[PDB]
């Protein structure tokens, strides 16, 4: 179907086909050398250049080397720099360039390739959708929104644009408005719409507006493999890890960590209280749209397995104490942080992002009544000097209706069944 040969390339199709045959037989090295010969003999040939690139791409795949794939990315660009490139080949080449840039994590350069693609092919709606994703991946939600509004104005029924518009709206706290877009885009069945993110956020928005249908979408997402279960809706996970909402110290195997937190709880408290009194700006408001109302702030000592040195100046003995426990200080998918919540606070039901951590809560200042945390189908209360442990990849909710502040200490650990090599390689969250 695709027309990849311009006028001159049709006159050397025999050579081009011979080289491509080598590539599709898996004789990568031979194909590479054959296409390099064709590029030196026919330096303006788009199809020869594309063969060189595709061969480098296959080579990176076989060698699992990013270095080789960067070479291929430049060759994909070279293709588009030649004269008289057929439109189908131009698009294939720059699309694969963008996709491999994203694979490597080069989101800014992928964005650039996508802007070029949309300029070259102004009527291809799918390229505009891909450009929207490019904007999302660098955190530019404002431009992603404009892109999908353009798509929807020319193609109102595009399901991919619908779910992504809905996702942007919901992240902007436009909850009610987001629901029809997320729902209709998932129901569209269009490619790219069967995505856990959209089931997760459609169900959440429904829950927040009181729509009792949210768990139908949770059950559909579970049926389609995005969620380990209805209640545990994390999206970055290692399948097979024991899944339960509440853990005992012994169940975790981190008994020394728990003992250390409990036996020393007063110094942990007192350093947190000194930061409250004399360095309150180290506590930062929760910024993930998880509150229905109230005041909630966190003072973070570790995130993604990286110690915040400035932060630890304010809790130096606590940081020194925790250094002895790599199971938390090296948990690249958790945090260590103080958490203060004030009266009148309701945290929306929500899920954390990964089933790869468990979450310890050490009580520090706990009002006698008004404070409680539900996880899945179990509600519990804190106690000063005592650790609770739950899997925050399960849906959980918190209320603060006391008459004064509630201070806890949050220590995330690696899920205990994760192997050493898993703990070392899983990308940080």
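Positions refer to the first chain, counted from 1.
The PDB entry reports B-factors from which the mean C-alpha value can be compared for 105-113 and 284-292; the larger average falls on 105-113. Averaged over Cα atoms, the B-factor as recorded in the entry is higher for 30-38 than for the other of 380-388 and 30-38.
In this structure the maximum Cα B-factor among 410, 22, 413, 407 is found at 22. If you compare the C-alpha temperature factors of 241, 276, 311, 127 in the entry, 241 comes out highest. Ranked against the other modelled residues of its chain, the C-alpha B-factor of residue 375 as given in the entry falls in the middle third.
Among all modelled residues in this chain, the alpha-carbon of residue 359 has a temperature factor (C-alpha) in the lowest third. Sort the modelled residues of the chain by CA B factor and residue 302 lands in the lowest third. When the modelled residues of the chain are ordered by their C-alpha B factor, residue 266 lands in the lowest third. Among the modelled residues of the chain, residue 87 sits in the middle third by CA temperature factor in this PDB entry.
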